[PDB]
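K.L.:
below: the sequence, then the experimentally determined structure.
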Amino acid sequence: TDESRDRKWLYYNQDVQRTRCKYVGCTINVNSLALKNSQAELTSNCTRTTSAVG
Amino acid sequence: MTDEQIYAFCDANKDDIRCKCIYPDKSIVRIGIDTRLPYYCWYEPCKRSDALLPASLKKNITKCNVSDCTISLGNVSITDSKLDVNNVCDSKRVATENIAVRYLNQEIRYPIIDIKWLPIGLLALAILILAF
Amino acid sequence: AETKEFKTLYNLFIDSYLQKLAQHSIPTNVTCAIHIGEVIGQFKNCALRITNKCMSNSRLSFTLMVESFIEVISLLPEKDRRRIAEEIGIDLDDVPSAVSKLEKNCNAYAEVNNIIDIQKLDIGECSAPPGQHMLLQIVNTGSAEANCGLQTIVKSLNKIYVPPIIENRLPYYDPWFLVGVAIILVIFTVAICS
Amino acid sequence: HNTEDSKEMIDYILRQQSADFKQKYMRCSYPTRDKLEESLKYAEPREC
Amino acid sequence: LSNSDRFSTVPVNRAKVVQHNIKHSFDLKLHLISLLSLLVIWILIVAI
Amino acid sequence: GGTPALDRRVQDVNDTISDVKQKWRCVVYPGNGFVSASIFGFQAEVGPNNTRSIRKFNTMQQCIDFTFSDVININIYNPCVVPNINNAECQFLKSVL
């Protein structure tokens, strides 16, 4: 159930059930990332865990 | 071990601390229900490392106090900079300006000229015969 | 290049506010999002930090924001801290657990949801001491009114004057003229001696 | 089809089956008492 | 936990990491270079 | 520079808990000495017929010892849930929390 994925690869029952589901998650989406001598870091630690980071 | 074996073992020994939140007292379950906090998210035997849990308990603990926050960037183009998308939604604090140093196992290149220079260099020495 | 963050008043305020939000973090059922159409960065050492917090309790959000702001201006001179305080709309003599003028002004964003939508963003010049970078933050929170307070306080702290690092290095272009003049003048002195 | 009549017909067909069919293919629609207790212990639907 | 293996339970002596990264690294020999340049200048100006 | 060195091999309960009400907090009980408390109730002990009875500590030292040792609080007594009496014990637990 991804927007990038083409819907010809799912049955119609899967296609109609694709938009009505709930995603309680924590996501990062970047459409484009051109790095020129850069150091990108896309971390998402999101569920409540130990505060201290090793 | 399989879920059925887990159930059989824990029914054989219902007082074992290893299996105490798979089959907790109704008191704990209803305290958790009446607090709007499911018991498996805070009850200590569930948090125990050696505690044995079935598939259902695991896949319900995996949704314990999970937030719903998303970041949707577009066309990002950075030069000579740093990008730090954190999207952090919990008590954990990201370590800002924490320089992560690794072991640079650098391999030192040596000043070895390509030994194809060896004949030509000899020719250089040879031209001393022009000065004799 | 792994460089340290150049600490600056608004950066300290934002980080203290974020730490206070994290240490009072509470689960919520509201969806908080950041949507930036374009991000353009073309200047060196222009660090960008997109932190997505969101606390549904906006009253506690302003409480922690005012507490962090007070702790920040605890090092400024008395006249400057006070004048900046009336410029923002926060009074030191009032307890942080009280509704201030800034909160009243920013309540006009209660109806809108806690989403940060930027059509296009570009990072300007970031002059930093060598070994450090100027870091810019885009912080979301669980209410657009807490966001209102956040950007207004950030702008007020940006209004101060911090001396800039001036670059004295000349622009570099391939100097064949110098070696050419050297060769020509070597020929000249050879002719002069001869 | 996702209409009311289609859903009623689906339920009718699936409930007019024999015991063997319900035991082999429809164990999810007829959970045991233990699974009912486990679902009562939880908050999400049993099918999750 | 998609980056759980990159963090170490034991404390990390990052100062020792930097000391080792400097110990085992290329050494620009500015002392030798400067001495050789001074010798070259003295030989080309005074000796010759 | 950077963050201080961390030893994850030693476990801290306060690291995991992000809500102050969930953390166990020994408090003064006017009824009998001191007793542990939290949003889930008071730490209890096994009764003769698998009943729930709250432990009583004569001094803060015993509460500090028992609450924060390596033992696990299997038994939890909540006056607002288990008996559903909603007596002065429930109000006391609400005021403490």
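P.N.:
Here it is on my side, so go on. Numbering: from 1, shown residues only, chains lettered A, B, ... in the order given.
K.L.:
in chain D, what residue lies closest to chain F?
P.N.:
Residue of chain D nearest chain F, by Cβ to the nearest Cβ: residue D:41 (15.8 Å). Placement of C-beta: from N, CA and C, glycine included.
K.L.:
quick check, the residue in chain F closest to chain B?
P.N.:
For chain F, Cβ to the nearest Cβ, closest residue to chain B: residue F:18, 3.7 Å.
K.L.:
that's a helix at that residue, yeah?
P.N.:
No: counting by DSSP: H, G, I helix; E, B strand; the rest coil, one finds residue F:18 to be coil, located in no helix.
K.L.:
that one against residue C:25, yeah?
P.N.:
Yes: in this structure, residue F:18 is within contact of residue C:25 by Cβ atoms under 8 Å, at 5.2 Å.
K.L.:
are stretch F:77-84 and chain B in contact anywhere?
P.N.:
Yes: for stretch F:77-84 and chain B, the contact criterion (Cβ under 8 Å from any Cβ of the partner chain) is met by F:78, F:80-82.
K.L.:
quickly list what residue F:27 is bridged to.
P.N.:
Counting by DSSP bridges, residue F:27 is bridged to residue F:35.
K.L.:
tally of neighbours for residue F:75?
P.N.:
Residue F:75 has 21 neighbours, counted by other Cβ atoms under 10 Å in any protein chain shown.
K.L.:
and stretch B:58-76, which residues are buried?
P.N.:
By 16 or more other Cβ atoms under 10 Å in any protein chain shown, the buried positions in stretch B:58-76 come out as B:60, B:65-71, B:73-74, B:76.
K.L.:
okay, that stretch in PDB with CA atoms only?
P.N.:
Extracted C-alpha coordinates of stretch B:58-76, given in PDB (Å, rounded to 0.1, in the frame of the first residue of the first chain):
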ATOM      1  CA  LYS B  58       4.300  -9.700  21.200                       C
ATOM      2  CA  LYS B  59       2.400  -8.000  18.400                       C
ATOM      3  CA  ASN B  60       0.300  -6.100  20.900                       C
ATOM      4  CA  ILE B  61       3.300  -5.000  23.000                       C
ATOM      5  CA  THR B  62       4.800  -3.700  19.800                       C
ATOM      6  CA  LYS B  63       2.000  -1.100  19.600                       C
ATOM      7  CA  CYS B  64       2.600   0.200  23.200                       C
ATOM      8  CA  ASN B  65       2.400   4.000  23.300                       C
ATOM      9  CA  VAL B  66       3.300   4.400  19.700                       C
ATOM     10  CA  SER B  67       2.900   7.900  18.300                       C
ATOM     11  CA  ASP B  68       1.800   9.000  14.800                       C
ATOM     12  CA  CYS B  69       4.100  11.700  13.500                       C
ATOM     13  CA  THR B  70       5.300  12.000   9.900                       C
ATOM     14  CA  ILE B  71       7.700  14.200   8.000                       C
ATOM     15  CA  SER B  72       7.200  14.600   4.200                       C
ATOM     16  CA  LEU B  73      10.100  16.500   2.600                       C
ATOM     17  CA  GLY B  74      10.200  17.300  -1.100                       C
ATOM     18  CA  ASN B  75      13.200  18.000  -3.300                       C
ATOM     19  CA  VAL B  76      16.100  18.600  -1.000                       C
END
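K.L.:
so how far is it off the chain centroid?
P.N.:
Distance of stretch B:58-76 from its chain centroid, counting by Cα atoms, centre = their mean, to the nearest Å, is 16 Å.
K.L.:
go on, stretch F:43-50?
P.N.:
15 Å.
K.L.:
quick one: the helices in chain C?
P.N.:
C:9-23, C:58-72, C:78-88, C:101-106, C:144-158, C:176-193 (DSSP state H).
K.L.:
right, I'll leave it there.
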